[PDB]
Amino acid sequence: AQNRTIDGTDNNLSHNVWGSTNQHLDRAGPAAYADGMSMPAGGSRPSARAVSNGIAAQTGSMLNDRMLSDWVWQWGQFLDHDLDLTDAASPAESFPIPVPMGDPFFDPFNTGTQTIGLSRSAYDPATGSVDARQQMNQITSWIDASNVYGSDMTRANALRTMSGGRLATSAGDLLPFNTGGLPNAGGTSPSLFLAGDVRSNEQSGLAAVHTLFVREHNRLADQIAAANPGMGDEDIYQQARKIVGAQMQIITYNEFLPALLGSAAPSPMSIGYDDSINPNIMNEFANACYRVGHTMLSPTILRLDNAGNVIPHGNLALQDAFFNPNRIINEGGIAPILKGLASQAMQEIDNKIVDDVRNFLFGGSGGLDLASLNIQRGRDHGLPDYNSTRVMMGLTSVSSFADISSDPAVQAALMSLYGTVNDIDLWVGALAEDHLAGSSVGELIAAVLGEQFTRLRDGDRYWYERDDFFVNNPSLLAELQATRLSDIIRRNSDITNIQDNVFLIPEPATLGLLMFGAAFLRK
């Protein structure tokens, strides 16, 4: 059958570049650069770090109220790494975040001169001088498992064995090592994993789900070859790839979005192929509204055995999970994490980000604040303010801080940071909204996510329901439709006791009762 390109071209048969690598991020409406060119938006607002301090600071654990597991954010990130990537422009354009004088984490010597580093995002070089700067998406916009296969044929080929349609692995059926020194977040070291997306080593949970899908690909490839001998490597590879790409769509629209968006989730079925849809990820989605992962993040990733015990090498502190393959290689493999993610409730969706990523220090000595980066990134990308974005999406504009949040502490923080509802950073406003009834997000986030996911459903010629391969093999289409993330976890690991919907935490008594007779209580 027809197969997707690796680069996302030739999906839309008129604008063939649409959805492909290196396309512009779309915009919902006009950019808000101060000068209409490249000068950052939000130049009247406080420091991104002052905003982080004033509204994202979290002193205690705050569980979500909809029973959602850590799988919601882990899938969210994995799927993000299928949708969009924008690295730094080169030559580097520095746009540092001023640290408030006396900031207890980043300026404890009261210098008044500390910054958090940020280089401005890559953009189309034909933009940003005489017209608005348009940032580039460096992976395929399509939900096509480019996070497994790569977004260029060179990397895609590097990931393959070229025998039996398979993807390379390392010892213990783990991701292959980057021995060829291809581009990779964390650098070109051969001791880092190589996956379809360059960010796979970012943290161990991400790496674990990347590994899972390499396992699933190889299972499919082996079984296809077994059932259909005489088929060549290329044919087996493309068939397994097409099944895995369909799985990404099915899990995303049937499990993840219903979990996160709830009442606001878009239909999991396409209304039909609309080739007029721009599938290029929207800047305001990629670089604000879909960055709702950071507020969900838990301080620890649980690592559990089949009895629900913490494994001997302990749970994994989020900070210990960054750019370190050994957490998987030497501390129990992927199975404990896959189970663990299903077994803990994520943090609430709100302005608050855990200290583990808001105040990640490397040694005073500098470090990482994901809240500050997100805020500055939205100013780098010329994103419209929160309220303008509401109007861009056909929502009413707010006219008071009470219109944003019914929490008086959130109201007060927004007031004392911004002074007017019309100059709030999109990411901050979006996360400040009261949640829709039956949802874990507010109206703006619902609308922006709803829009993006509607486009990628109806705008993709290889949306799985209309791929000739699945149309011509209805039994496979049906088996795909009945496939959940838990099924993939189970058949590619040694996990025996996991709930069928890994996006929802299990009944409170589950771990205790499974532990009975085998409980390890010293962890």
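One rule holds for the numbers: they count along the sequence shown, beginning at 1.
The deposited sequence places 1 to 3 unmodelled residues between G363 and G364. Taking the PDB entry as given, 55-63 carries the higher mean Cα B factor of the two stretches 55-63 and 483-491. In this entry, 109-117 has the higher mean Cα B-factor, the comparison being between 413-421 and 109-117. Annotation for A307, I251, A195, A432: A307 ranks highest, by Cα B-factor. When the C-alpha B-factors of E443, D84, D103, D144 are ranked from the entry, the top spot goes to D103. Among all modelled residues in this chain, the alpha-carbon of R457 has a temperature factor (C-alpha) in the middle third. Among the modelled residues of the chain, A28 sits in the highest third by CA temperature factor in this PDB entry. Among the modelled residues of the chain, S44 sits in the middle third by CA temperature factor in this PDB entry. The entry lists a Cα temperature factor for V502 that places it in the lowest third of the chain's modelled residues.
Among all modelled residues in this chain, the alpha-carbon of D356 has a temperature factor (C-alpha) in the middle third.
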